Every structure is written in C-alpha cells, then in structure tokens.
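Visitor: piece number one of the complex, untouched:
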Amino acid sequence: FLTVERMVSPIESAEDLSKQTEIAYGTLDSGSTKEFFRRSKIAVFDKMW
C-alpha cells in the first residue's frame, strides 16, 4: 500500500497526462482549441486529438 502510494506521480505536463487514461480530459465544443489539435502533428498532440 505505502509503496504504491509513494509511486503515484501527479500529472504535471501534457505528455505524462497523455500516456495515462485514468483521468479523462477534453476541450470546448468549439473555438480554436479543437482546431489547434487537428492541425498539430506533434506525437504528443496528434494522439491528443
């Protein structure tokens, strides 16, 4: 129990958050935030969309 609690690393940046799927996430239904994700080709960001 204690080792697993100590190993829990809180999400800080995008890539570490991107790999995990326990915590859901999403953007607005409109706006340039969605359009940025589509046009982005970064491996962190292409899988983001």
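Guide: Alright, I've got the coordinates. Numbering: from 1, shown residues only, chains lettered A, B, ... in the order given.

Visitor: okay, now residue A:28: neighbour count?
Guide: 8 (other C-beta atoms under 10 Å). (Each C-beta comes from the backbone N, C-alpha and C, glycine too.)

Visitor: in space, not sequence, find me the middle residue of chain A.
Guide: By C-alpha atoms, centre = their mean, chain A has its centre lying nearest to residue A:18, at 3.2 Å.

Visitor: show the contacting residues for the closest residue to it other than its chain neighbours.
Guide: Spatial nearest neighbour of residue A:18, chain neighbours left out: residue A:44 (5.7 Å); criterion: C-beta to C-beta, 6 or more residues apart in numbering. Contacts for residue A:44 (C-beta atoms under 8 Å, 6 or more residues apart in numbering) come out as A:14-15, A:18.

Visitor: repeat for residue A:45
Guide: Residue A:45 neighbours (C-beta under 8 Å, 6+ apart): A:14, A:37.

Visitor: quickly find the element holding it.
Guide: helix A:43-46 (DSSP states H and E).

Visitor: mind listing the helices in chain A by residue range?
Guide: For chain A, applying DSSP state H gives helices covering A:2-7, A:14-19, A:32-39, A:43-46.

Visitor: chain B next, sequence below:
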Amino acid sequence: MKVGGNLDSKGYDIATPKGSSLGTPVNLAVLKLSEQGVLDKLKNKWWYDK
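Guide: Chain B goes in next, on the same frame as the chains above:
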C-alpha cells in the same frame, strides 16, 4: 490481444487489368511510399492512433 508472430506470409496488393496503363506506374507508385514512410505512417497511424 494478439500473441506470437505471423505463422505464414502474404501481402495485399491493388488490382490492375492485364497490361493496363496503370500497371507499371501505380506499381511503381505504391512501392515508392515505403521509403520515406508516408505509407508507413498511414498504416500505424490508423491502427494505433485513433
């Protein structure tokens, strides 16, 4: 999930009429995306991005 390697080997190819005008160029076309990897993109992306 999938376990182990491929027991046999085959391939997927496009269909062209006998001696068609698209016989040699498309065959050259399909083969030339395998170097810079733009064909390699389209396979691993659709399989393992969305």
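
Visitor: in light of the added chain B, please revisit the neighbour count of residue A:28.
Guide: 8 (other C-beta atoms under 10 Å in any protein chain shown).

Visitor: same question, residue A:17
Guide: Other residues close to residue A:17 by other C-beta under 10 Å number 15.

Visitor: measure the closest residue to it other than its chain neighbours to residue A:18 for me?
Guide: Of all residues not flanking residue A:17 in the chain, residue A:11 sits nearest, at 4.3 Å (C-beta to C-beta, 6 or more residues apart in numbering or on different chains). Using C-beta to C-beta, to the nearest Å, we find residue A:11 at a distance of 9 Å from residue A:18.

Visitor: before we move on, what about residue B:29?
Guide: Distance from residue B:29 to residue A:18, by C-beta to C-beta: 35 Å.

Visitor: before we move on, what about residue B:20?
Guide: 46 Å.

Visitor: kindly report the same for residue B:21.
Guide: 46 Å.

Visitor: burial measure for residue B:26, as a count.
Guide: 13.

Visitor: repeat that for residue B:16.
Guide: Neighbour number of residue B:16 under other C-beta under 10 Å is 13.

Visitor: from what I see, it and residue B:28 are in contact.
Guide: No - using C-beta atoms under 8 Å, residue B:16 is not in contact with residue B:28, being 12.0 Å away.

Visitor: cheers, nothing more for now.
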